[PDB]
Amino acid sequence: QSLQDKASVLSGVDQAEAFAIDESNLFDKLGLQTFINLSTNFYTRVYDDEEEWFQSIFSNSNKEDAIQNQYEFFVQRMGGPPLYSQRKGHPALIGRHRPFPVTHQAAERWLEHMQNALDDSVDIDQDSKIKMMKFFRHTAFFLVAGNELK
């Protein structure tokens, strides 16, 4: 059974829905600043999280560096310039999450913070929010599936 199928079964979202982001250019629609704002909001919530089991996953990471890694990845993957690879090479999401305990429960907590970040946004329309959360949700469970094999 493939990683992507495991993600689809766990998450309620398959790759086809998760990658509906690719049907139009979201970077062109939303703009770079919108991504920076989303990631900054998300990571503010992460680093303020009172649940130590989740907070402490990010303890070896600087918040500002994490914000940059995230929005540069989102920008690159959602139709914008490839800033992430210029700096860091392949996204390699399963490989890069290897050090962290990416459990089913951690996925839901990540996605809670991100939903709250999307709810706080001004410059993201409803169609875009739906497509982005399908992408995020499928991806989070893809990482869960990758975590299970390491």
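Heads up: residue numbers just count along the shown sequence, starting at 1.
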Given the B-factors recorded for C-alpha atoms, which segment has the greater mean, 56 to 64 or 39 to 47?
56 to 64
Tell me which stretch, 136 to 144 or 18 to 26, has the higher mean Cα B-factor listed in the entry.
18 to 26
Between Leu111, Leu83, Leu93, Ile124, which one tops the list for Cα B-factor in this entry?
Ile124
Of the three thirds of Cα B-factor ranks in this chain, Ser2 occupies the middle
Lowest, middle or highest third: where is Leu118 by Cα B-factor in its chain?
highest
Sorting the chain's CA B-factors, does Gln70 end up in the lowest, middle or highest third?
lowest
Against its chain's modelled residues, does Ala107's Cα B factor rank lowest, middle or highest third?
lowest
